[PDB]
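Visitor:
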Amino acid sequence: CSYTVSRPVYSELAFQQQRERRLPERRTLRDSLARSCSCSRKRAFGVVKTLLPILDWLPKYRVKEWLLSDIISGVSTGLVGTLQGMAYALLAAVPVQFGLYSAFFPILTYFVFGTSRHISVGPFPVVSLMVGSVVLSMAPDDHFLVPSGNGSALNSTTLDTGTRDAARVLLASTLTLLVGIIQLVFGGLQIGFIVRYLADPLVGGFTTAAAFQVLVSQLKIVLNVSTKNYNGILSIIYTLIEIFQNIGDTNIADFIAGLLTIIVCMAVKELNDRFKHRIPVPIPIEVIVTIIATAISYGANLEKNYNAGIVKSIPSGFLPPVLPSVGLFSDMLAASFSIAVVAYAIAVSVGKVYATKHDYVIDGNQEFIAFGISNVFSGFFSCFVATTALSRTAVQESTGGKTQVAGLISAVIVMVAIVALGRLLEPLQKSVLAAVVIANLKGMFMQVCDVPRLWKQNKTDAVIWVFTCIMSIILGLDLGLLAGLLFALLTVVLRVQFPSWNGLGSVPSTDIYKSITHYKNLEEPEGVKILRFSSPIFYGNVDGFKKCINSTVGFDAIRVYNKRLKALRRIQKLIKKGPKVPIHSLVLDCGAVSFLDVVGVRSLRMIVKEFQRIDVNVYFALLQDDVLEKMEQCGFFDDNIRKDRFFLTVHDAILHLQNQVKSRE
Amino acid sequence: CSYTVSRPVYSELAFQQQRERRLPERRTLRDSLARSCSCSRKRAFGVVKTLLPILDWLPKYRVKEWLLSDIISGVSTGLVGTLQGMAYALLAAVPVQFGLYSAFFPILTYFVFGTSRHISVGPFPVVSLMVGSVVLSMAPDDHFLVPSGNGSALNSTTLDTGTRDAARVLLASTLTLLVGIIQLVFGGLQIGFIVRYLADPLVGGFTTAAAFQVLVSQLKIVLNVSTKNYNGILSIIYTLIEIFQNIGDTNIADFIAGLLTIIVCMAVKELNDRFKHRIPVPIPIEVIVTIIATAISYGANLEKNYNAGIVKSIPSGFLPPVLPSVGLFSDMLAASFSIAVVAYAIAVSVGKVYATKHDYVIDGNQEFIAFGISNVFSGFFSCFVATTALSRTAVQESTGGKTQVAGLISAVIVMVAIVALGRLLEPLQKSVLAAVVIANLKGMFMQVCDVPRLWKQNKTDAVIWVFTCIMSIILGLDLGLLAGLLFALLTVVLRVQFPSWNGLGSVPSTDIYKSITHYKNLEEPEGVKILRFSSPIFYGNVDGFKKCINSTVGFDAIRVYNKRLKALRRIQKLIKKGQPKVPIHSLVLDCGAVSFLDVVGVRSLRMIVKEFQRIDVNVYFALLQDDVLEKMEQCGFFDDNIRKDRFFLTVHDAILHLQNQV
Ligand SMILES: [Cl-]
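Structure, rendered in structure tokens:
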């Protein structure tokens with residue numbers, strides 16, 4: 018219909034006279050914490066059910082067909098997960114058995130404390146790369162070589178194959194324990210707002226750079242070259258230059274096999290993803306390619322006749338739990354925090370995706386606690402940080418998964434692949450394991466295709482993407498994330514420091530005020546100059562407010578008053594011998665302000681005082697109640713700056729000005 | 018007075034269909050690159066006037082309270098300038114001969130270039146150790162170490178002199194020139210917006226521990242306690258516990274001398290503040306306590322008969338300008354960059370602290386080139402860096418002082434002290450001049466009284482003030498301002514992430530919408546609620562905006578959807594076998664205080680509309696004035712069903728829309 022109102026001009030004081038405010042609630046800190054301390058059985062049962070979600074979905078099972086669905090999804094996910102674990106084990110500088118270890122125990126630990134249903138907790142390429150990088154930093158290769166072997170000229174300081182793996186495994190276990198402790202601290206203390214700073218473009222650029230580094234590392238492993246574990250600044254660029262310079266020490270057979278399996282896996286994966294309408298179950302190309310590689314590699318002696326690179330270092334058994342080597346937390350706290358936050362971000366992303374796909378809820382703090390307990394249990398059994406791979410989770414969701422029982426069954430596959438089966442994978446070339454990782458990088462590599470899309474969108478979001486992607490390549494990968502969050506916060510500060518001020522005017526015979534730089538036929542008040550200033554004024558943008566006012570009024574309240582004083586002394590000397653023309657008022661439409669930052673209210677009062685000397689009134693239009701309640705406490709309403717200066721709506725100020733001009737010439 | 022604003026309800030598409038837009042000017046730089054200053058001489062005269070900040074206040078000062086006020090203030094800050102030059106030179110591992118030059122030459126070039134009063138340019142204590150650190154690193158202590166002198170057993174490895182200090186001064190002179198040219202090149206690209214990030218609590222919380230740092234640094238010289246040099250973390254605490262641990266070897270004669278002078282100087286200072294209406298000109302007790310100290314010392318020989326500590330090393334005569342070594346600028350470039358940043362930080366910090374007591378707000382771009390060329394002019398003469406001490410700027414402002422001319426007359430006092438008045442201030446006990454800085458230090462020590470004042474005004478800046486103070490004590494003055502600057506920006510992003518969201522409600526028989534948590538006797542439309550986030554929806558407050566909705570509507574759109582389909586599948590199988652929703656119709660987000668949006672915000676805001684659409688509950692919007700609206704349609708917010716009709720110009724138009732719809 019229509020919109021018509023009629024009311025007196027309640028500016029600021031005509032509103033608080035006949036409006037009984039709501040008294041604040043009594044704090045009573047003692048009784049508040051006493052009442053907050055729950056003691057009834059209802060809250061106890063609630064927190065028990067929340068902390069241990071295993072007792073929720075288990076009694077209400079649908080065993081009839083869920084048993085078959087879970088067993089088939091479990092065998093499929095177990096095969097895929099043991100393959101991905103034995104592949105990512107190379108990224109953690111640990112033998113091939115510890116990937117299967119980190120694929121078995123975290124599942125058992127997440128089964129009794131997790132809150133998801135489709136998340137396959139296991140290894141991850143980015144997390145494994147970060148773990149390997151921090152292990153190489155804390156334990157380089159040239160720190161274990163033992164002089165033995167009667168060398169030609171000097172002492173035979175060859176490789177330390179053996180006890181080196183034990184030190185690397187102990188370091189990885191300590192890192193996993195520290196990451197679990199950090200995650201438990203973040204979860205229990207309810208400090209979960211720290212992961213909100215990981216924006217979508219930021220995490221996209223970080224995943225792109227991490228996928229590029231994973232590609233570099235896996236190409237190094239495939240070519241069978243020997244680098245010097247370049248870590249720190251420009252690590253990826255330096256190791257890529259070294260690879261390009263050390264091409265001569267390659268293996269033609271290993272390179273050919275790697276390229277062949279890369280092409281085959283990529284083609285089969287693209288065919289299965291595109292033509293899904295003909296094949297419902299995704300073909301496990303990884304499983305069949307690993308089987309055929311183990312078959313061919315055992316037919317001919319690829320180790321002796323072709324000098325290939327195989328694992329052949331499987332003990333095929335378990336080991337008693339070992340206590341973590343405490344003392345290395347101070348030199349790895351930042352790395353553990355980075356690994357924990359990136360793992361939690363990836364886990365929450367995968368969980369939200371596969372939860373909005375299946376329409377169920379996933380709690381954040383519960384996932385934090387579950388992953389913390391999982392990493393703590395993994396630290397006692399020599400495992401690395403566990404996460405949920407996008408490719409590994411997709412298999413369990415595509416084959417059909419309802420509860421975590423499929424994951425529990427997925428551990429049984431790794432179980433049987435640990436105890437007895439597994440030594441058949443002895444002649445498996447390391448190139449095949451190092452190739453499937455590259456084939457799975459297609460998802461994070463296509464993330465580069467969003468920069469042309471984000472650039473047409475809000476440009477500041479695209480700059481964060483490019484900055485995070487580039488900076489996470491120059492100064493390593495762990496320190497690259499810290500340079501991204503700080504840059505994102507600085508970009509947020511820049512958007513509130515440089516607002517979009519306009520010349521707000523009124524449409525003819527209306528009450529709504531729109532900008533003047535975007536419309537043509539708008540009427541402005543005679544003498545009055547309206548100004549709207551978003552991005553609330555704080556200590557960093559108050560000079561911007563001064564400059565904006567000086568630009569929108571045409572003059573400066575300082576220079577005009579100085580010229581008036583200079584002309585005044587000329588008057589008092591001539592009688593003894595014997651600028652601000654169009655501007656009538658200034659209506660500040662500060663309606664988009666949230667905080668006031670008293671450091672800024674000081675300058676606001678200074679502006680109001682300076683404009684009074686030049687006889688130019690400066691009013692306010694749409695200030696909020698919580699802002700006036702703060703300006704009152706900050707010492708702003710003196711005997712001269714009353715409340716009549718402020719207003720409720722933008723049109724009320726113009727109406728009051730017109731009435732004052734009509735009633736007072 | 019009522020007013021008739023009868024107007025049909027206008028949505029976004031209903032307001033742009035009859036009005037017209039304005040073609041935005043792209044303003045390409047291919048043809049507009051010569052629009053700043055092409056031929057107009059007015060802009061050329063303006064930049065020259067701002068480049069030379071001497072034709073502004075010098076042809077404008079009033080000699081009424083200028084001559085006698087600044088002269089007595091100049092001798093006060095000039096005396097302190099001599100003491101710091103004689104003290105900081107020894108800490109910089111260089112011979113104590115050029116400290117007076119660092120207080121004479123930089124003031125001359127800064128008197129004409131630079132508009133910042135109540136600042137005495139010269140050496141700074143924490144910046145002098147940084148110079149001595151990079152000098153001792155790139156210059157061995159023993160250059161030749163001549164093994165001659167017929168020692169006890171082996172050759173007497175006497176430390177080489179003459180050429181040693183000459184190389185140290187040469188290295189220090191090159192460092193000042195390198196910091197100067199780097200200070201100037203920063204002013205080239207006009208990066209002067211960094212001064213806007215220094216808030217009053219930031220500079221206030223910074224110049225209170227520095228006042229405590231200058232207190233303990235003058236306390237170790239007033240007690241003659243030989244302590245080691247400490248910098249970095251826990252620098253102030255380690256020096257404080259060292260004095261209390263090494264308090265034994267304290268000169269009793271010098272202790273009772275300084276303690277008697279610190280009392281008599283502050284007593285007459287507050288006496289002048291009480292009787293300021295009786296005596297027009299403030300009596301310069303600084304020059305009074307100085308002449309009486311040299312009188313009682315020269316007439317009693319407090320050094321060779323009492324061991325009180327005197328200067329006894331005042332040099333004489335200027336030195337010709339010496340050319341630096343260009344071949345060594347490359348090595349200093351890696352370390353002088355960090356020193357150059359912290360130098361300008363302290364330089365402007367002592368400028369903003371006095372901007373709160375007098376309306377003398379300064380600009381960063383002009384001060385960056387002012388201290389820049391001054392250190393360049395400090396070069397070629399073997400001077401120090403062009404910083405400004407916290408003790409000299411306190412004694413100048415508290416004891417009168419109107420313009421920067423007090424620094425000019427101060428150099429004249431040092432100019433005559435080096436050529437003709439060297440033997441005059443010889444027996445100075447180094448206590449009446451090292452304790453006078455403590456008297457004028459009350460101007461910054463009393464700045465801790467704003468903590469209960471700022472706490473009652475705004476809790477955020479009160480925490481910022483105390484945070485920078487306690488952090489500058491632990492992490493030193495170097496990393497104190499940097500850690501406080503990041504903490505200051507962190508409070509800005511936190512206050513914009515967690516706003517004061519409240520549900521709004523109209524007043525009876527009117528169209529004014531205010532918060533319902535702060536008022537009574539309000540009314541809410543049956544089935545329609547209002548929510549005002551009052552903050553931009555960026556990547557940080559994405560879930561916070563979601564938690565703002567589900568806590569205001571009572572339910573959660575996620576949990577009511579899965580239970581709805583669960584009951585739907587429950588009743589579906591019962592048909593084959595055989596057979651908590653709130654009445655709120657819609658919600659209008661009063662997101663009118665938003666200033667910017669991001670890709671994460673527009674995506675999450677779209678998911679909210681799609682989520683409530685599945686629950687048969689509509690979601691409407693409010694005033695997206697000019698930018699937040701055009702940014703949404705650019706990020707692909709409207710694809711097939713979501714249109715700009717769901718938006719509204721005013722909050723009451725949204726209420727009237729849902730009213731006549733049902
Ligand atoms: Cl993956």
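Line by line, the protein sequences give chains A and B.
Numbered per the deposited numbering, the first sequence spans residues 18 to 595, 651 to 737.
Numbered per the deposited numbering, the second sequence spans residues 18 to 596, 651 to 733.
Note that beta-carbon positions come from the ideal geometry of N, C-alpha and C, so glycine has one too.
Please list, in chain order, the residues of the stretch 694-712 of chain B that have any C-beta partner in chain A closer than 8 Å.
Guide: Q696, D697, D698, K702, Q705, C706, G707
Visitor: Between the Cα of A:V304 and the Cα atoms of A:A452, A:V163, A:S568, which residue gives the shortest distance?
Guide: The residue given as residue 304 of chain A occupies position 287 in the first sequence. Of A:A452, A:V163, A:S568, the residue nearest in Cα terms is A:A452.
Visitor: To test your reading of the DSSP string, which unbroken alpha helix (DSSP H) runs of 4 or more residues are found completely within the stretch 461-544 of chain B?
Guide: 467-474, 476-491, 493-512
Visitor: Give me the DSSP bridge partner(s) of B:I211.
Guide: Here residue 211 of chain B refers to the residue found at position 194 of the second sequence. Bridge partners of B:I211: none, in fact.
Visitor: Could you please give the first and the last residue of the uninterrupted alpha helix (DSSP H) stretch that includes B:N289?
Guide: One-based indexing of the second sequence puts residue 289 of chain B at position 272. Segment 269-291, the alpha helix (DSSP H) holding B:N289.
Visitor: Kindly indicate which three-state DSSP category A:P123 falls into: helix, strand or coil?
Guide: Numbered from its first residue, the first sequence carries residue 123 of chain A at position 106. Note: A:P123 maps to helix in three-state DSSP.
Visitor: Is it the case that the stretch 663-679 of chain B contacts the stretch 210-217 of chain A, given that we only count it when at least three CB pairs across the two stretches are under 8 Å?
Guide: yes
Visitor: At a threshold of 7 Å, does A:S119 count as lining ligand 1 (C-beta to nearest heavy atom)?
Guide: For this step, residue 119 of chain A is matched to residue 102 along the first sequence. A:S119 Cβ: outside cutoff for every heavy atom of ligand 1.
Visitor: Do B:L450 and B:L100 have their C-beta atoms within less than 8 Å of each other?
Guide: Your numbering for residue 450 of chain B matches position 433 in the second sequence. Your numbering for residue 100 of chain B matches position 83 in the second sequence. Contact flag set, yes.
Visitor: State the DSSP-derived secondary structure class of A:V138, mapped to helix, strand or coil.
Guide: Your numbering for residue 138 of chain A matches position 121 in the first sequence. Note: A:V138 maps to strand in three-state DSSP.
Visitor: Can the beta-carbon of B:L201 be found less than 8 Å from the beta-carbon of B:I363?
Guide: Within the second sequence, numbered from 1, the residue matching residue 201 of chain B stands at position 184. Within the second sequence, numbered from 1, the residue matching residue 363 of chain B stands at position 346. No, these two residues do not count as a Cβ contact at 8 Å.
Visitor: Since A:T178 meets chain B, which of its residues come closer than 7 Å, beta carbon to beta carbon?
Guide: Taking the first sequence and counting its residues from 1, one reaches residue 178 of chain A at position 161. Neighbours of A:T178 on chain B: none; closest Cβ ~41 Å, over 7 Å.
Visitor: Are the C-beta of A:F555 and some C-beta of chain B separated by less than 8 Å?
Guide: Counted from its first residue, the first sequence places residue 555 of chain A at position 538. Yes, because at least one Cβ of chain B sits closer than 8 Å to the Cβ of A:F555.
Visitor: For chain B, is any of its Cβ atoms less than 8 Å away from the one on A:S568?
Guide: Residue mapping note: residue 568 of chain A aligns to position 551 of the first sequence, counting from 1. Chain B contact via Cβ: absent.
Visitor: To the nearest angstrom, how far is the alpha carbon of A:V429 from that of A:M103?
Guide: Here residue 429 of chain A refers to the residue found at position 412 when the first sequence is read from its first residue. Here residue 103 of chain A refers to the residue found at position 86 when the first sequence is read from its first residue. Using only the alpha carbons, I get a separation of about 16 Å.
Visitor: Just the chain A side, please: which residues come within less than 9 Å of B:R213 by C-beta, in chain order?
Guide: By one-based count along the second sequence, residue 213 of chain B stands at place 196. Within 9 Å Cβ-Cβ: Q514, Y556, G557, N558, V559, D560, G561.
Visitor: Under 8 Å, with one C-beta from each stretch per pair, do the stretch 577-591 of chain A and the stretch 688-701 of chain B reach the 3-pair mark?
Guide: no
Visitor: Buried or exposed: where does A:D159 fall if 16 or more other Cβ atoms within 10 Å of its Cβ makes it buried?
Guide: As a working note, residue 159 of chain A is residue 142 in the first sequence. Result: exposed.
Visitor: Quick one: which chain A residues come within Cβ less than 7 Å of B:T721?
Guide: The count along the second sequence starts at 1 and reaches residue 721 of chain B at position 650. Ordered by position in chain A, the residues that pass the 7 Å Cβ test against B:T721 are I529.
Visitor: Collect the residues with a C-beta less than 6 Å away from any heavy atom of ligand 1 and give them in sequence order along the chain.
Guide: A:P142, A:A406, A:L407, A:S408, A:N457
Visitor: I'd like to check one pair, B:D177 with B:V186: are the Cβ atoms closer than 8 Å?
Guide: Numbered from its first residue, the second sequence carries residue 186 of chain B at position 169. Numbered from its first residue, the second sequence carries residue 177 of chain B at position 160. B:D177 sits away from B:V186, with the two beta carbons spaced by 8 Å or more.
Visitor: Give the residues from the stretch 456-482 of chain B that approach chain A closer than 8 Å (Cβ to any Cβ), ordered along the chain.
Guide: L471, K473, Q474, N475, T477, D478
Visitor: Less than 8 Å between CB atoms is the rule here; does B:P157 satisfy it with respect to chain A?
Guide: Within the second sequence, numbered from 1, the residue matching residue 157 of chain B stands at position 140. No, B:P157 lies away from the interface with chain A (no Cβ there is under 8 Å from its Cβ).
Visitor: Here's a check: name, in chain order, each residue in its chain whose Cβ is nearer than 8 Å to the Cβ of B:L502, leaving out the five neighbours to either side.
Guide: Indexing the second sequence from 1 puts residue 502 of chain B at position 485. The residues are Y214, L215, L219.
Visitor: Counting along the chain, where does the beta strand (DSSP E) carrying A:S657 start and finish?
Guide: The count along the first sequence starts at 1 and reaches residue 657 of chain A at position 585. From DSSP, the beta strand (DSSP E) with A:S657 extends over 657-660.
Visitor: If you draw a straight line from the C-alpha of A:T67 to the C-alpha of A:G131, how long is it?
Guide: For the purposes of this step, residue 67 of chain A is taken as residue 50 along the first sequence, with counting starting at 1. For the purposes of this step, residue 131 of chain A is taken as residue 114 along the first sequence, with counting starting at 1. Their backbone Cα atoms lie some 10 Å apart in a straight line.
Visitor: Put B:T191 into one of helix, strand or coil per three-state DSSP.
Guide: On the second sequence, position 174 is the one that residue 191 of chain B refers to. Here B:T191 sits in helix by DSSP.
Visitor: Find the residues of chain A that neighbour B:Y536, judging by a C-beta separation of less than 7 Å, and give them in chain order.
Guide: Position 519 of the second sequence, counting from 1, holds the residue named residue 536 of chain B. Going along chain A in sequence order, the residues near B:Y536 (Cβ under 7 Å) are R36, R38, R39.
Visitor: For the pair the stretch 320-333 of chain B and the stretch 169-176 of chain B, tell me if three or more CB-CB distances fall below 8 Å.
Guide: With a cut-off of 8 Å, the stretch 169-176 of chain B and the stretch 320-333 of chain B do not count as touching, because too few Cβ pairs lie within range.
Visitor: Might you give, ordered along the chain, the residues of its own chain that have their beta carbon closer than 7 Å to the beta carbon of A:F32, omitting 5 neighbours on each side?
Guide: Taking the first sequence and counting its residues from 1, the one referred to as residue 32 of chain A is at position 15. So the list reads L720, once near-sequence residues are dropped.
Visitor: Report the three-state DSSP secondary structure of B:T721 (helix, strand or coil).
Guide: The residue you call residue 721 of chain B lines up with position 650 of the second sequence. Note: B:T721 maps to coil in three-state DSSP.
Visitor: Opposite B:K374 in the DSSP bridges: which residues?
Guide: For this step, residue 374 of chain B is matched to residue 357 along the second sequence. None; B:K374 has no bridge partner.
Visitor: How would you list, in chain order, the residues of chain A whose beta-carbon sits under 8 Å from the beta-carbon of B:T21?
Guide: Sequence index remark: in the second sequence, residue 21 of chain B carries index 4 (1-based). Neighbours of B:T21 across chain A, judged by C-beta separation under 8 Å: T21, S23.
Visitor: Alpha helix (DSSP H) containing B:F397: first to last residue?
Guide: Working through the second sequence from its first residue, we reach residue 397 of chain B at position 380. That residue, B:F397, is in no alpha helix (DSSP H); it is neither H nor E in DSSP.
Visitor: Can you tell me whether A:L582 is helix, strand or coil according to DSSP?
Guide: Against the first sequence, residue 582 of chain A aligns to sequence position 565. Looking at A:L582 - three-state DSSP - the assignment turns out to be helix.
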